[PDB]
Amino acid sequence: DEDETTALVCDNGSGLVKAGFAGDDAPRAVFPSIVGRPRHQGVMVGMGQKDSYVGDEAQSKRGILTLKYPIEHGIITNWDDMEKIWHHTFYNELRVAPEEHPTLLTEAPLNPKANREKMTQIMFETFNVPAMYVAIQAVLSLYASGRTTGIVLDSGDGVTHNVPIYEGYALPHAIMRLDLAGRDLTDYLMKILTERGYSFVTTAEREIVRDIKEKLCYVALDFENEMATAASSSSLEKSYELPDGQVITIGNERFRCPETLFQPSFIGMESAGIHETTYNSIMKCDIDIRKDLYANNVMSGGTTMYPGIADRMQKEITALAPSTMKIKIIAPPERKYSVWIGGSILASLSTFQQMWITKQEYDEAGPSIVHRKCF
Amino acid sequence: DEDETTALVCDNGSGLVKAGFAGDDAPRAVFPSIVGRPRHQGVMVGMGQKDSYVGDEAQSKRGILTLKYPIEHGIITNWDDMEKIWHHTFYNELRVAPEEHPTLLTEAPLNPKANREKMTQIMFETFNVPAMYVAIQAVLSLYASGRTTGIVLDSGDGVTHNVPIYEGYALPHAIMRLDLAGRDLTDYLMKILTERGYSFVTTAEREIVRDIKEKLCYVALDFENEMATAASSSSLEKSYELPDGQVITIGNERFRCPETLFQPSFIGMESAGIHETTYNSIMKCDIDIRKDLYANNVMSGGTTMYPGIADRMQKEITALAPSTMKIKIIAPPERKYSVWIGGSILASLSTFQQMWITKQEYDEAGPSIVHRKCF
Amino acid sequence: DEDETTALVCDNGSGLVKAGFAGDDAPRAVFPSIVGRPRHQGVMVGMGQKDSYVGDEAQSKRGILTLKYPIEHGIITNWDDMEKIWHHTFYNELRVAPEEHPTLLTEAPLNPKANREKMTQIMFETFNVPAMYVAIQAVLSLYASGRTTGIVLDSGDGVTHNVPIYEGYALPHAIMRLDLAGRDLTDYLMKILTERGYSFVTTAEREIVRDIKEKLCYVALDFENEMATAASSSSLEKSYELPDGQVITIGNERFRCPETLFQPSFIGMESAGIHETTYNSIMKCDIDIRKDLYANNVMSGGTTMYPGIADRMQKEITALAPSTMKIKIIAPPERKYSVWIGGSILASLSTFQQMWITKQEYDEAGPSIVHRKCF
Amino acid sequence: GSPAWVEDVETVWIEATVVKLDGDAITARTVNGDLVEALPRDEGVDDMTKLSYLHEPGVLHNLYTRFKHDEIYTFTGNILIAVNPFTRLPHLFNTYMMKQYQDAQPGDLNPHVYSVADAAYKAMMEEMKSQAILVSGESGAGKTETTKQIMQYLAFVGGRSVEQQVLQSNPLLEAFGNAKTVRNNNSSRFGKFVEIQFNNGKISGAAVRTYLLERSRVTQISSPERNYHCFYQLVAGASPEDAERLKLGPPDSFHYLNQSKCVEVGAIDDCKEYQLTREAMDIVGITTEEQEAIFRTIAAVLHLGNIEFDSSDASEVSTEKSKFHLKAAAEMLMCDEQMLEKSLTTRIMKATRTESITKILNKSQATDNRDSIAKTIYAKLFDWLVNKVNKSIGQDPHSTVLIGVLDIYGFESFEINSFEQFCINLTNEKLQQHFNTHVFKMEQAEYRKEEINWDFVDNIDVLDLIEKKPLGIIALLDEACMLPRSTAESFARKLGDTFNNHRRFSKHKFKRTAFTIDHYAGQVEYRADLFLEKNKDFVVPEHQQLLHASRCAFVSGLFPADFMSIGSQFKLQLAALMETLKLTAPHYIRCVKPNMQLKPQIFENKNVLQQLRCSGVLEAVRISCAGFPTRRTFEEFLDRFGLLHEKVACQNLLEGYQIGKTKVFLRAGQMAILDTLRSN
Ligand SMILES: Nc1ncnc2c1ncn2[C@@H]1O[C@H](COP(=O)(O)OP(=O)(O)O)[C@@H](O)[C@H]1O
Ligand SMILES: Nc1ncnc2c1ncn2[C@@H]1O[C@H](COP(=O)(O)OP(=O)(O)O)[C@@H](O)[C@H]1O
Ligand SMILES: Nc1ncnc2c1ncn2[C@@H]1O[C@H](COP(=O)(O)OP(=O)(O)O)[C@@H](O)[C@H]1O
Ligand SMILES: [Mg+2]
Ligand SMILES: [Mg+2]
Ligand SMILES: [Mg+2]
C-alpha cells in the first residue's frame, strides 16, 4: 500500500485509465482500459488461459481476444467491466488496500445521474473506501496549468466539452458537449483507409488503426490547397509497418482523418465543429467578461495533440471572432496527462478535507447525496 | 503387465504403430503396421502356417504373403484388421491386460466421425478398458518440443495437416489437410524407377521400394540446376543392393521422388504444395499474431526427414512471405518419434484425470460422447 | 448488334455475370463467371483444346480444367481475366460491337478506388465505348421493386452490404459491409460434409458443392430444437446424386450450412451476423425516420433464397428491435435477377442522358473523373 | 474473579491477581502495577499435570520459575522437556547421579534426563528392543551434549570408544554439511540418525541412517548459508602447492559459490578447520590419496560450477570463452574433454530398438543438465563418505536389538520461506504428525487404562493439500515443472486457484506471488520465488556411464554401480524415514535454550513460545487438554470437595468429570470452575 494515508486519484475516462497517489507529479499507473475475452477453443493445457484479460496483458495477446471497451461516450455500459477494471487497477498496479485512502473520480459534464449514482455506490459498498469525491474534467485542467481562467476545451476519447470558467465561478448555462471523440476519428479512418485498398473489419485491428492515427496525423492549415496539393504530388505520402512485416502507404489521409473535427458533416452528425462550438460557447456569456477568455482558452486531452492544432484553432477564431481582439491559446505539453495532474493538487493541496463524502453520510443518506454535494 | 497403473499411449497412425507406457521417454514397442495373408498353397506340415501374420513377423516372411495396409489416408478401412493389430500390440508386445490402464489414441484432424465413433466403441466393448481419450496429432508435437507456439507442419504416411496453435488456443477456421503422404511418394517412385528400366509391380516389392526411399532421397535446393546438372554428369548416381544380390543404380531420382512435395502437379492432384499450404494457412489468421508463427513453425512426422527439408522450406517461405520478417524453422531430431513423446507427457504429467472418458459415461451416453468431450 | 442505340447493362458481380440490353424485362445472357485452363497434357490432335475456356463451355469440360474465379469479395484480382470475360460476353453472347452503345457497370459499396479506376479505364481505352457509368448495387434494387424506401439487404457471392436509403437520399455515414458471402458458405460446407465421411478437395468439386448448396439448404426457425431433433431422427435426411452415379446422404447439414449467416463465429470471423448488422445499421440513423425502414427493408441477391429466410429474419428483428413496431420484409421472387432489372430502368427510362460519362470528358480528365461524377 | 493471568506485550501472559473486574473489560492491577480494561485464571513445579489451569500462563510461569529455581523441570507427559542452562551440570551428569538414576526409579525421574535414559534402557531391557527417543531442540539447544550425556548414561547402564569415535565423526560430517544459516552461523548438516546395537545388553554395534541431504544448496543459494563448510574449507586453500596443482582460484572466482556475498565469515578458521578435518579423516582412516581425490573432486565440482554454458540455431548448443574452467574440470575428473562436453550438450539417450537419436538440448535445459551432474556428484561424494563412516564405525555381529537416536532440522522461519524451507516444513509436519500420533496413542492408552470412555486430522489435511493427493500442491508444482514456458506467477495463479477454499491456506495479499499456509507451528507465507526452478532435476544414463568408466579411480568407485522431481524423491525418502521410525518404541525429549543471553538465569518468553510452538509442546498441551486433562483420585477428589464444600457425596455436592477406576478423569476447565467455586 502507501507510506502515508494520502488519498488516491484515478481518472477512468474511457480511454487510458490514469492512476496514482495524491501529492505526486507523475502518474504511477497507466494502461489502455480494455476487457478481453478468449474467442477460440483452447486445447493446450496449463498456460493460464483465464477468461478475464484486462489492460496491459490485453494488448499483448490481442490477436485471439475479443475486445470490449467498457466505457463509451462518457457513459458506462457494463458494470461487471468497471467492477473488473477497478479491482485490477487497485490490486495489481498500486497494490493498495482500498480501505486505507479516499478516492477521487471524475466525469465529463452532463453525464446521466444513474451513472454517478452507480459509481458512488460501488466503491463504498464493494470496496469500503473511507471517502469519495467526484470532480469535473473541465475544472482540474486549470489547476494543472496554474490558475489562468478561461474556456477549457478538452476532448478525450469519450467526449468533447466546452466549459467557461471565470474568476472562481463556472457558467452552467452555457457549457457544451459533443461526441466527436477519439473513437469517431478511428471509425472515420476505418472507412477512409478502405478507399486506398486496405481493409480492416475486426476489432483486433482497432488498436492497430489507433496507432497509425496516433502517429501519422496532422491538422492542415488550409483544407483545400492541402487536399489539392497532396492530390497533385506524393510529397505527403509516407509509410508504416503493420506487425506482420507489410508496408502500407498513406495518401492524403494523414490530414483528412482529423480534418473532420473542423468539418463534422463527413461522418454525418450535425453540429458546428469544435471551433464554432467554442465561439458559440463564448457568445452565451456576458459582454463584460469576454476578453479574458479569448486570451486564456486552454486545450487539454489527448485528442488535441495533432501537430497543427494550435495555429489552426487560432486562425479559425481570428477569422470568426471580432477583429481587434487579442486571441491567445495556451497549449501546455503535458496535456495528455493534464487531468490527473489536476487531481494531483486538489486532493492533497487544499482545505479539501471536510468536503469529502464521509462514508457515514452515505450510510445515513444513500447514493443521491453525491448529487447535492460535489457540484 | 505394469508395475504401476499409469495409462497406455499408442499411436496407430497408419504406418509404424508406436506404443508404450506413459511417463517414459522412449517407446517400448515399434513395428510396421501390416496384416499378412498366405497366398500360396501349403504342403509342408507343422510349421505353424497360421493365416494371420502381423507386424515384425510379417516383414520376415514377406515374400509369400499378400500385404494389406489396414489404415489408409487417416481412414480405417477394415475393422477386423485393427481388431487384430490392437490385440497383437497389447498381448504380444507389452503383454498387458488392457483392463488395467486407460489408453490414449490419436488421429489427424478432419477425420470422419464414424471412424472415431468406431474406435471409441471397440476398446470399451471388446477390451473393457477403464478409460479412453483421443488427442490430436497437431497438438502433442508442441508438448514434445516444449511449448513453442506455432504452425505444426506434420506429415506422416497417412496425411499432411497444417494447424496453427497460438498461446494456448487453436484456430479451427484455418487448419489444412492434404493427402500427399508417404504412400504417394512410394507410388511416384514406382512409376519413376520404371523409367530407368527396373520394374516393380507386386505388393511385396512395396516395402523394398520404401527402403530405398528411406535411404537415398534428399531434397534439392534448386529444382532446375539440379535436374540439369545430374543430367549432365553421374556425380549423383549411387547404387543399392536388392535382397537377391543385384545392384541397382539410381539416377536423378534421388531428388525427384520427394521433389513433388513442392510441386504436386506431377502425380496429378491439384493443390498448392506444402509450403504454399503453410503460407495460405498463416494468411487466414489475424494480422495481430503472425510474427510468432514465422519463427515458431515446427516440423514433425517421419516424411520430413529428407536431408535438405529445412533449408528448402526456409528459402521457400522467405521468397514467399513478406520480406523483412525473421523466419525460423525448428527441426528437432527426434521428430520421427515426436508424437508419442507428446503422448508421454499429456497422459501422466497433467491434471488429465477427470478429463478421461470414464467408462461409466460411455455406458450412460453411448459412443457419440467422444464427440462432445475431447475437443 | 442491336436494332436501337439503347445502352447495354451488365453486372459482373463475381458470380453469374448478367447481361442484356436496356429497356428489356429479361436478361438475355447469363453464365457462371469462370476462367478455365487445361491442366493435363494433350495428345489427341484437332479438338480445339484452346487454353482459354470461359463460361458455359467451362462448366461442360470442368473435369480437366483448373478453375480461376476472377473476382473475389468484390475486388477484381487479375485484369487479364476480366479483359477476357468482357470480350467473351460482348462478342459471343450479345454479338454486339461495343462502340455502338454505352454501358452500365456496377459495384458493391466501399470497393477500392483503383478497381473502379481500372474498370473505367479499360472499356474506354480497349473497347472505345461511347459512354460509361457506374451504379451502386444498393440502389437499383429499389427501382426493381418499385420505390419503396428502405434498407437494401443484399448479399451475393461477393459481399453483403447494408445501405439505408430514405426518400431520395442515401446515408453514407451508416452503410455496412461484411464478407460472409456465397463462397464462405461453400467453404463451410466443404468442411462440413467431411464430418459425415465424404471428401472434396479439388476445385472441380467446388461447382458440385455449389449445386448441393443451391438445392438442399433451408434456414431453420430455431437453431437448437432443429439441431437436436434432426440429431434424434432421420426425418430431415435426404439424398443426392453425384454425377458418377453415387448416392450421398445429407444429415443435419441441410440447415447448418446457412445457419452460420446468423452465427458467424463458426467460420472464425468476428462480426455480428447479418440481422444484427441490419439492426445496428438502422440504429445509426435518426430517430425521426426509422419506422419506414422497419416496414420497407428489402432483400436481394441470390444468397437470400433459402426457404425460410423471411420468417427467420422477421422473428430476429422482432425479438431484437423495440416491441410495438410493425416490421415487414418484402421478399420479391425475382430477387436473383433483381439488380439487372434495376439496370433495366435506370439506363433507358430516365433523364439519364447528360449524366453519362461522355468519352470526351475522359480524354480531357483521365480516369479519376469517375470518382467525382457518379456518386 | 481476581486471580487470573493477563496478556501483555512483554509478559504475554502475566499472572495478574488483583481485582475481579468485568468479563471482557478486565481492569485491575498487575505485577507491573495498575492496568486497563481476556487471559485465563492463574493458580518451578516438576509436572503441571495436576495443575488447576492447563494454560500457557501457568506453563510459562513454571518455565520462568524453574529458570529462576535453576531446575531443568521435565514434565512427565509421556515426554520430557529440559532447558540448555549454558552452565555446568554438577551432580546431574555425575556417576553417583548416574548410580542414583540406575537406582532411584520414581524419585529422581522428575527433572533428570539421565534417569529417563535409564528408564528407556530398562524398557529396552524389558524386551522393547526397537526403541528410540525424540530430541526436540533447535540450533544451540545443547542436543549434542544431551545425546553425549545420554550415551554416557547408557554406557553406565548397558556396559559393554564408540562415543569418542562419534565425537571424531561429527567434525567430518558437519564440515561436509553445515553452513551459515539465518538461525546459526554454524548450522546443522542434515537429518542424522544413530543406532546402538546391543548384544543382549552389551551395546556393541554402531549404525547410522542419515538421510535427506540439502541437495538444493549445490547451486541455488540466496543468503549467508551459501558456502558449505567443506566448500569454504576448500576455498580456504588447505594446501598452496595443491592449489596450483588444482588451478583453484579465489573464493569470489567460483560463480556457483558467488551467491549472496558471504565469502569471508567471522565464524570459522577454515584452514585450521581443514587441517583438523584432514586429521579427522586420518582418524577415520582415509588414505592420503583418498583425501587428495576428495579435494580434487570438490575442486572439479567448483570448476564445473565455473563451467559456463552458452548459446545457426544457437539455442541448442554452447561455446567456450573461459574454457580454462572446463579443461581443468575435465583434468580434475580424469575424463576426456570432448566426451564430457558431448555429455553436457548432447543428452543423447533416445533409442528405440536399434536406432539412436541425439536430442541436442537447449541452453536453459543445458544449465539444468550441468546442475544435475553436479547434484549427482556431490550426493555420491556424501554417500561415499557415509560408507567410509559406517565402515570405520563397525556394527555388531548380527545383533537383533538396537536403540535409536534421531536429530533432524525442524520447523523454522526466515524472511522468506524457500522451497528448501518448504521441504523442511513438510518434514517437520510429518514428524509432528508422528509425534501427535504417538501422543494420541498415549492418551488412548491412559483413557483405556483408567477405563475412560473418551469419545489433528487437519494436519493430515495439510499434508494432503501439500503433497499427498494426485492433485496436490507438490504434485501441481511437479506438473507445472514439466510443461514448458510455465511462468512463476502463472504457477502461483493455479496454486491459489486450486484448493483455493477449504484449508488453513490461501493466496497472498496484494503482492506478486506467495502462498500463505498455516502449518502447526503457525502461519507462514512462502514467497513464490523460483521453486519452479529449484525443484527441477534429471538423471540421464550416459552421465552415469561417464561417471562409472572415467579414469579417476576413486571417482569410478564413487559411481560404480551404473522420478525426475526433487519433491517426488523427497516425498519417497521422507516416507521411507517415517516408515523406518514407525517400527520403534517412541520417546520424546525437548531441549529448550536460554538463547537471549546465551547464559544462565535468562529467559526469552518469545523464543520459549516459539520453541513450544515449533516442537508442538503447546500443541501437545492442547491435545492433552482436548481429552480428560484433570485426573484426581477418589481421595484426592474427596479432599478437593472438602476444600470446596466419598465419591457419591462429591457427586452429590458437584451435581467434564468421568470417575474412572480410581481417578476422576475430568476437564481442567472443570477443575478451574471447582477452584472458583471453592474461592467463592
Ligand atoms: N498522436 C497522439 N498522441 C496522443 N494521443 C493521441 C494521439 N492520437 C490520438 N490520441 C488519442 O488521445 C487519447 C488519450 O486519452 P484521452 O481520451 O485523452 O484520455 P481522457 O479521456 O482522460 O481525456 C487516446 O484515446 C488516443 O485516441
Ligand atoms: N529416410 C527416412 N527416415 C525415416 N522415415 C522415413 C524416411 N523416408 C520415408 N520415411 C517415412 O516416414 C514414415 C514414418 O512413419 P510416419 O508415417 O511418420 O508415422 P506417423 O504416421 O505416426 O507420422 C514412414 O511411413 C516412411 O514412409
Ligand atoms: N438455392 C439457390 N438459388 C439461387 N441461388 C443460390 C442458391 N443457393 C446459393 N445461391 C447463390 O446465389 C448466388 C447468385 O449470384 P449472386 O452472387 O446473387 O449474384 P450477385 O453477385 O450479382 O448478387 C450464387 O453465387 C449462388 O452461390
Ligand atoms: Mg482516459
Ligand atoms: Mg504411424
Ligand atoms: Mg454475379
# chains A, B, ... in the order shown; residues from 1 in each chain; ligands from 1
>>> interface_residues(of="chain B", to="chain A", cutoff="7 Å", atoms="only C-alpha atoms", output="list in words")
residues 168, 169, 170, 171, 286, 287, 288, 289, 290, 291, 322, 324 and 325 of chain B
>>> residues_near_ligand(ligand="ligand 6", cutoff="9 Å", atoms="only C-alpha atoms and all ligand atoms", output="list in words")
residues 11, 12, 13, 14, 15, 16, 17, 18, 32, 33, 156, 157, 158, 301 and 302 of chain C
>>> write_last_selection(atoms="N, CA, C and O atoms", output="mmCIF file, in the first residue's frame")
data_model
loop_
_atom_site.group_PDB
_atom_site.id
_atom_site.type_symbol
_atom_site.label_atom_id
_atom_site.label_comp_id
_atom_site.auth_asym_id
_atom_site.auth_seq_id
_atom_site.Cartn_x
_atom_site.Cartn_y
_atom_site.Cartn_z
ATOM 1 N N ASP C 11 -24.163 -6.608 -65.107
ATOM 2 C CA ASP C 11 -23.486 -6.731 -63.835
ATOM 3 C C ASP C 11 -22.480 -7.854 -63.950
ATOM 4 O O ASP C 11 -22.779 -8.914 -64.509
ATOM 5 N N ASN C 12 -21.294 -7.613 -63.435
ATOM 6 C CA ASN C 12 -20.320 -8.688 -63.359
ATOM 7 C C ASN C 12 -20.365 -9.428 -62.034
ATOM 8 O O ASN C 12 -20.297 -10.655 -62.035
ATOM 9 N N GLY C 13 -20.426 -8.711 -60.911
ATOM 10 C CA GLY C 13 -20.781 -9.231 -59.602
ATOM 11 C C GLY C 13 -20.137 -10.497 -59.073
ATOM 12 O O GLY C 13 -20.705 -11.126 -58.181
ATOM 13 N N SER C 14 -19.022 -10.929 -59.673
ATOM 14 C CA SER C 14 -18.167 -12.037 -59.239
ATOM 15 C C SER C 14 -18.800 -13.426 -59.299
ATOM 16 O O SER C 14 -18.113 -14.421 -59.068
ATOM 17 N N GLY C 15 -20.083 -13.526 -59.609
ATOM 18 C CA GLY C 15 -20.732 -14.815 -59.610
ATOM 19 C C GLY C 15 -21.169 -15.234 -60.989
ATOM 20 O O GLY C 15 -20.393 -15.788 -61.766
ATOM 21 N N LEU C 16 -22.439 -15.006 -61.270
ATOM 22 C CA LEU C 16 -23.019 -15.245 -62.576
ATOM 23 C C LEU C 16 -23.208 -13.899 -63.246
ATOM 24 O O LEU C 16 -24.046 -13.109 -62.814
ATOM 25 N N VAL C 17 -22.445 -13.648 -64.287
ATOM 26 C CA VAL C 17 -22.471 -12.349 -64.943
ATOM 27 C C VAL C 17 -23.775 -12.206 -65.696
ATOM 28 O O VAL C 17 -24.149 -13.082 -66.481
ATOM 29 N N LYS C 18 -24.492 -11.120 -65.454
ATOM 30 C CA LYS C 18 -25.784 -10.938 -66.091
ATOM 31 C C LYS C 18 -25.644 -9.822 -67.102
ATOM 32 O O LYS C 18 -25.039 -8.795 -66.792
ATOM 33 N N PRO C 32 -22.224 -18.580 -65.511
ATOM 34 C CA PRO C 32 -21.294 -18.537 -64.384
ATOM 35 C C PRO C 32 -19.939 -18.006 -64.796
ATOM 36 O O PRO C 32 -19.308 -18.540 -65.707
ATOM 37 N N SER C 33 -19.504 -16.926 -64.150
ATOM 38 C CA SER C 33 -18.231 -16.307 -64.488
ATOM 39 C C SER C 33 -17.091 -17.149 -63.990
ATOM 40 O O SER C 33 -16.888 -17.258 -62.781
ATOM 41 N N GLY C 156 -24.690 -11.171 -52.394
ATOM 42 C CA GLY C 156 -24.472 -12.098 -53.478
ATOM 43 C C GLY C 156 -23.328 -13.024 -53.142
ATOM 44 O O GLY C 156 -23.058 -13.269 -51.967
ATOM 45 N N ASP C 157 -22.628 -13.533 -54.146
ATOM 46 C CA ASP C 157 -21.477 -14.364 -53.839
ATOM 47 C C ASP C 157 -20.262 -13.538 -53.469
ATOM 48 O O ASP C 157 -19.272 -14.090 -52.986
ATOM 49 N N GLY C 158 -20.286 -12.242 -53.745
ATOM 50 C CA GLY C 158 -19.178 -11.379 -53.402
ATOM 51 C C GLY C 158 -19.160 -10.910 -51.967
ATOM 52 O O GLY C 158 -18.229 -11.216 -51.223
ATOM 53 N N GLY C 301 -30.434 -10.402 -53.988
ATOM 54 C CA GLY C 301 -29.248 -11.207 -54.156
ATOM 55 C C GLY C 301 -29.438 -12.673 -53.858
ATOM 56 O O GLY C 301 -30.024 -13.051 -52.841
ATOM 57 N N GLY C 302 -28.866 -13.510 -54.718
ATOM 58 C CA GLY C 302 -29.188 -14.917 -54.778
ATOM 59 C C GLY C 302 -28.799 -15.732 -53.569
ATOM 60 O O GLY C 302 -29.143 -16.914 -53.522
#
>>> select_by_dssp(residues="range 308-355 of chain B", states="helix (DSSP H, G or I)", output="ChimeraX atom specification")
/B:309-320,335-348
>>> write_last_selection(atoms="N, CA, C and O atoms", output="mmCIF file, in the first residue's frame")
data_model
loop_
_atom_site.group_PDB
_atom_site.id
_atom_site.type_symbol
_atom_site.label_atom_id
_atom_site.label_comp_id
_atom_site.auth_asym_id
_atom_site.auth_seq_id
_atom_site.Cartn_x
_atom_site.Cartn_y
_atom_site.Cartn_z
ATOM 1 N N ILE B 309 15.350 -30.634 -46.083
ATOM 2 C CA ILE B 309 13.986 -30.146 -45.923
ATOM 3 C C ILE B 309 13.981 -28.770 -45.276
ATOM 4 O O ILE B 309 13.195 -27.891 -45.654
ATOM 5 N N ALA B 310 14.926 -28.527 -44.369
ATOM 6 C CA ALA B 310 14.908 -27.304 -43.583
ATOM 7 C C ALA B 310 15.260 -26.091 -44.429
ATOM 8 O O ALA B 310 14.518 -25.103 -44.446
ATOM 9 N N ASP B 311 16.370 -26.162 -45.153
ATOM 10 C CA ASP B 311 16.819 -25.037 -45.960
ATOM 11 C C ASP B 311 15.869 -24.774 -47.107
ATOM 12 O O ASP B 311 15.631 -23.620 -47.469
ATOM 13 N N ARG B 312 15.314 -25.841 -47.677
ATOM 14 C CA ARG B 312 14.370 -25.674 -48.767
ATOM 15 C C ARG B 312 13.113 -24.975 -48.295
ATOM 16 O O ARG B 312 12.649 -24.017 -48.930
ATOM 17 N N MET B 313 12.574 -25.422 -47.165
ATOM 18 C CA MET B 313 11.383 -24.798 -46.616
ATOM 19 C C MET B 313 11.649 -23.352 -46.255
ATOM 20 O O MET B 313 10.814 -22.477 -46.507
ATOM 21 N N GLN B 314 12.841 -23.075 -45.730
ATOM 22 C CA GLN B 314 13.174 -21.717 -45.330
ATOM 23 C C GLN B 314 13.290 -20.791 -46.521
ATOM 24 O O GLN B 314 12.735 -19.688 -46.497
ATOM 25 N N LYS B 315 13.972 -21.234 -47.575
ATOM 26 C CA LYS B 315 14.101 -20.416 -48.770
ATOM 27 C C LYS B 315 12.748 -20.198 -49.421
ATOM 28 O O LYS B 315 12.466 -19.107 -49.931
ATOM 29 N N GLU B 316 11.870 -21.195 -49.342
ATOM 30 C CA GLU B 316 10.572 -21.032 -49.974
ATOM 31 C C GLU B 316 9.668 -20.082 -49.212
ATOM 32 O O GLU B 316 8.933 -19.306 -49.837
ATOM 33 N N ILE B 317 9.694 -20.124 -47.882
ATOM 34 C CA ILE B 317 8.935 -19.144 -47.117
ATOM 35 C C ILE B 317 9.485 -17.751 -47.365
ATOM 36 O O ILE B 317 8.732 -16.807 -47.625
ATOM 37 N N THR B 318 10.814 -17.630 -47.378
ATOM 38 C CA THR B 318 11.466 -16.326 -47.470
ATOM 39 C C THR B 318 11.224 -15.670 -48.816
ATOM 40 O O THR B 318 11.092 -14.447 -48.911
ATOM 41 N N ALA B 319 11.181 -16.464 -49.879
ATOM 42 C CA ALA B 319 10.739 -15.899 -51.141
ATOM 43 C C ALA B 319 9.252 -15.608 -51.107
ATOM 44 O O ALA B 319 8.806 -14.610 -51.679
ATOM 45 N N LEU B 320 8.467 -16.438 -50.420
ATOM 46 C CA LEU B 320 7.023 -16.267 -50.496
ATOM 47 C C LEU B 320 6.540 -15.173 -49.561
ATOM 48 O O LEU B 320 5.824 -14.260 -49.985
ATOM 49 N N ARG B 335 12.072 -36.234 -34.308
ATOM 50 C CA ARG B 335 10.755 -35.902 -34.830
ATOM 51 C C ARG B 335 9.995 -37.127 -35.278
ATOM 52 O O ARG B 335 8.768 -37.170 -35.166
ATOM 53 N N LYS B 336 10.708 -38.162 -35.719
ATOM 54 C CA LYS B 336 10.036 -39.391 -36.106
ATOM 55 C C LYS B 336 9.412 -40.090 -34.917
ATOM 56 O O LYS B 336 8.510 -40.908 -35.093
ATOM 57 N N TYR B 337 9.843 -39.771 -33.710
ATOM 58 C CA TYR B 337 9.154 -40.241 -32.533
ATOM 59 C C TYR B 337 8.536 -39.103 -31.765
ATOM 60 O O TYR B 337 8.387 -39.210 -30.544
ATOM 61 N N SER B 338 8.198 -38.008 -32.440
ATOM 62 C CA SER B 338 7.727 -36.832 -31.724
ATOM 63 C C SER B 338 6.398 -37.076 -31.047
ATOM 64 O O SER B 338 6.281 -36.854 -29.838
ATOM 65 N N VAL B 339 5.427 -37.579 -31.800
ATOM 66 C CA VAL B 339 4.040 -37.600 -31.374
ATOM 67 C C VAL B 339 3.863 -38.456 -30.148
ATOM 68 O O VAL B 339 3.214 -38.041 -29.181
ATOM 69 N N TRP B 340 4.480 -39.634 -30.143
ATOM 70 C CA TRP B 340 4.376 -40.494 -28.980
ATOM 71 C C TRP B 340 5.033 -39.867 -27.770
ATOM 72 O O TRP B 340 4.535 -40.023 -26.650
ATOM 73 N N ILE B 341 6.119 -39.125 -27.987
ATOM 74 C CA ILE B 341 6.771 -38.432 -26.884
ATOM 75 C C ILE B 341 5.843 -37.370 -26.320
ATOM 76 O O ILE B 341 5.771 -37.172 -25.100
ATOM 77 N N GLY B 342 5.047 -36.755 -27.197
ATOM 78 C CA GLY B 342 3.989 -35.880 -26.737
ATOM 79 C C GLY B 342 2.988 -36.619 -25.892
ATOM 80 O O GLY B 342 2.694 -36.198 -24.772
ATOM 81 N N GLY B 343 2.598 -37.813 -26.328
ATOM 82 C CA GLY B 343 1.717 -38.629 -25.519
ATOM 83 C C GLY B 343 2.378 -39.115 -24.248
ATOM 84 O O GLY B 343 1.701 -39.573 -23.328
ATOM 85 N N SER B 344 3.707 -39.016 -24.182
ATOM 86 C CA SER B 344 4.418 -39.280 -22.942
ATOM 87 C C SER B 344 3.979 -38.335 -21.847
ATOM 88 O O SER B 344 3.713 -38.760 -20.720
ATOM 89 N N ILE B 345 3.876 -37.055 -22.163
ATOM 90 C CA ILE B 345 3.647 -36.086 -21.110
ATOM 91 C C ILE B 345 2.177 -36.056 -20.741
ATOM 92 O O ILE B 345 1.805 -36.281 -19.585
ATOM 93 N N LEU B 346 1.326 -35.858 -21.751
ATOM 94 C CA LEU B 346 -0.031 -35.373 -21.542
ATOM 95 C C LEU B 346 -0.880 -36.379 -20.797
ATOM 96 O O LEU B 346 -1.840 -36.009 -20.120
ATOM 97 N N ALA B 347 -0.536 -37.652 -20.884
ATOM 98 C CA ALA B 347 -1.289 -38.622 -20.117
ATOM 99 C C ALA B 347 -0.919 -38.552 -18.649
ATOM 100 O O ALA B 347 -1.796 -38.506 -17.782
ATOM 101 N N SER B 348 0.364 -38.506 -18.353
ATOM 102 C CA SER B 348 0.791 -38.677 -16.979
ATOM 103 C C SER B 348 1.027 -37.371 -16.261
ATOM 104 O O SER B 348 0.733 -37.270 -15.069
#
>>> residues_around(residues="range 78-85 of chain A", least_positions_apart="4", cutoff="8 Å", atoms="only C-alpha atoms", output="VMD selection string")
chain A and resid 33 35 54 70 to 71 89
>>> residues_around(residues="residue 282 in chain C", least_positions_apart="2", cutoff="12 Å", atoms="only C-alpha atoms", output="PyMOL selection string")
chain C and resi 150-153+162-166+171+173-176+275-280+284-294+296-297+317+320-321
>>> closest_residue(among="B:177, B:224, B:212, B:7", to="residue 248 in chain B", atoms="only C-alpha atoms")
B:212
>>> interface_residues(of="chain B", to="chain D", cutoff="10 Å", atoms="only C-alpha atoms", output="JSON, numbers by chain")
{"B": [23, 25, 26, 27, 28, 29, 30, 142, 143, 144, 145, 146, 147, 148, 328, 329, 330, 331, 332, 333, 334, 335, 336, 337, 345, 346, 348, 349, 350, 351, 352, 353]}
>>> select_by_dssp(residues="range 29-255 of chain B", states="strand (DSSP E)", output="PyMOL selection string")
chain B and resi 29-32+35-38+53-54+65-68+71-72+75-76+103-105+131-134+151-155+160-166+169-170+176-178+238-241+247-250
>>> residues_around(residues="residue 89 in chain D", least_positions_apart="4", cutoff="12 Å", atoms="only C-alpha atoms", output="PyMOL selection string")
chain D and resi 70-72+83-85+93-95+97+112-114+145-146+149+600
>>> residues_around(residues="residue 219 in chain A", least_positions_apart="4", cutoff="12 Å", atoms="only C-alpha atoms", output="ChimeraX atom specification")
/A:213,223,226-227,252-262,303-313
>>> residues_around(residues="residue 116 in chain C", least_positions_apart="5", cutoff="10 Å", atoms="only C-alpha atoms", output="list in words")
residues 75, 76, 105, 106, 107, 111, 121, 122, 134, 367, 368, 370 and 371 of chain C
>>> atom_distance(atom1="CA of residue 238 in chain C", atom2="atom 16 (P, counted along the ligand's line) of ligand 3")
25.7 Å
